[PDB]
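Quick heads-up: it's one chain on its own, the form solved without the named molecule, in structure tokens.
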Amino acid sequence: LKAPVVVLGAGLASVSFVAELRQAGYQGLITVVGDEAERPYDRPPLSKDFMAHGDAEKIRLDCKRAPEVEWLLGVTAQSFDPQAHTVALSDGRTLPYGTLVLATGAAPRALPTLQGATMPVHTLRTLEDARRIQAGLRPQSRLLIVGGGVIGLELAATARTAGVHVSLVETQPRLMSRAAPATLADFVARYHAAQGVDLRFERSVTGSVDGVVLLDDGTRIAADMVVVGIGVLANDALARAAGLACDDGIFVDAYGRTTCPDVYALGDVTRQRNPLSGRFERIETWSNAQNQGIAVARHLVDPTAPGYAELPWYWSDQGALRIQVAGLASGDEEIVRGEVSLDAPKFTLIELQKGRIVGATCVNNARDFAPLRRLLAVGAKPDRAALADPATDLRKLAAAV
């Protein structure tokens, strides 16, 4: 930890990192460069309460645990020279650094087939995006969502509540193909279908002509607006240009170190080890952005602290469904607690591999999720009969370990 600290990006990962630096006891200079001209804010409300209600002052990140930080908002870092230890800014200034931290996140993938479209086509990542989409979410208007990931599905629910007609096109045979158990994805499709979402599986966009979207089965979908949510790509251009190892994401170890000395990276921009799978992965979760930012800061200030070690997990709020998912989507066995039903949805899934818990899902069952994450963290091997039995208290089981 060499002063001064410069952080590129002013999202959740950055805010979490800088607050932890200060809390851990680092009092040297911190400067954060943020390309969006916005008070740092949280993104999940953009598909939900902000989309529905439009108050950005409800979604700002709390920066008060990060005192004495200069936030350069509306400024783009254009390059860094890792030999000179400088960052070149879009406003013509240069920042010196002792330690450089890349927290630049990821940007929505565009749809190459809609590149020359004339009808409104948006992605949903920023406050600017959300405002632009909202301005067109008229009751009885027709929205097409491309991509059946959590963001698209969150938007689908919000749009339906607002009285917007929703069609959704997914290239895969299922929704949430990235990190959701099949049982969950199947149920989620049944739910959205029941709420009026027109789901198209195993279809891809091939183009558009004058307010109509074209599919690879040779059919058409009319829409007033398309929102594209087919995933993100790491914002790793500065790292690539400066000679760091990256591949749609900057490779980091558990300390957040890149291949370039004095340069760290954290959050959505990173490709990191998933301890459960043992493989490198770009983890895109809110929990990772916060916790990885915190762990990297803690170890920078206190080198005796352990590296980042958390197992991945996320939530997704989709209308009546409060979904929580931890760990791996599958193992050699899935245990189901409760009925899987559209009538008052409430259930839990537990994924086991050789007797060990490797993943869990809770739908409208937050109470069970925390204990399951604890059991997951220690690689617990509980009695499978007990895991299935509705009389079992999971909090009691997690406490017994």
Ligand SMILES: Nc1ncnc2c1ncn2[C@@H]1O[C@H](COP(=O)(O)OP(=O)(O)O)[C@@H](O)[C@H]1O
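Residue positions are given as counts along the sequence shown, with the first one as 1.
Mean temperature factor over C-alpha atoms, higher-scoring stretch between 387-395 and 17-25: It is 387-395 that shows the higher mean C-alpha B-factor.
Between the two ranges 136-144 and 91-99, the one averaging a larger CA B factor in the entry: The deposited B-factors put 136-144 ahead on the C-alpha mean.
Of the residues 183, 104, 316, 177, the one carrying the largest Cα B-factor as recorded: Reading the PDB entry, the winner on C-alpha B-factor is 177.
Among 252, 289, 114, 244 - the residue whose C-alpha B-factor is largest in the record: So the option with the highest C-alpha B-factor is 114.
Where the record places residue 280 (Cα B-factor, split into thirds across the chain): It belongs to the middle third of the chain when residues are ordered by C-alpha B-factor.
For residue 31, the third of its chain into which the C-alpha B factor falls: It belongs to the lowest third of the chain when residues are ordered by C-alpha B-factor.
Residue 368 by Cα B-factor - lowest, middle or highest third of the modelled chain: Its C-alpha B-factor belongs to the middle third of this chain's values.
Chain-relative CA temperature factor third for residue 224: Residue 224: CA B-factor falls in the middle third of its chain.
CA B-factor placement of residue 273, once the chain's modelled residues are sorted into thirds: It belongs to the lowest third of the chain when residues are ordered by C-alpha B-factor.
Quick note: we don't show the form solved in complex with the named molecule, though the next part is all about it.
Candidate stretches 159-167, 108-116, 135-143, 189-197, one within 4.5 Å of the named molecule in the entry with it bound by heavy atom: Answer to the contact question: 108-116.
Listed residue that, although the named molecule is not shown, lies within 4.5 Å of it in the entry with it bound (heavy atoms), from 246, 95, 213, 151: Contact residue from the list: 151.
Partner-contacting position among 300, 176, 294, 225 - heavy atom within 4.5 Å of the named molecule in the entry with it bound: Result of the distance check: 176.
Heavy atom of residue 256 within 4.5 Å of the named molecule in the entry with it bound: Residue 256: no contact with the named molecule in the entry with it bound.
Exercise: residue 327 in contact with the named molecule in the entry with it bound, heavy atom 4.5 Å: Contact with the named molecule, no.
4.5 angstroms heavy atom contact with the named molecule in the entry with it bound for residue 171: Result yes; residue 171 sits at the interface with the named molecule in the entry with it bound.
Heavy atom of residue 184 within 4.5 Å of the named molecule in the entry with it bound: Although the named molecule is absent here, residue 184 would stay clear of it in the entry with it bound, with no heavy atoms inside 4.5 Å.
Residues of stretch 214-235 in contact with the named molecule in the entry with it bound (4.5 Å, non-hydrogen atom): Contacting residues: 229, 230, 231.
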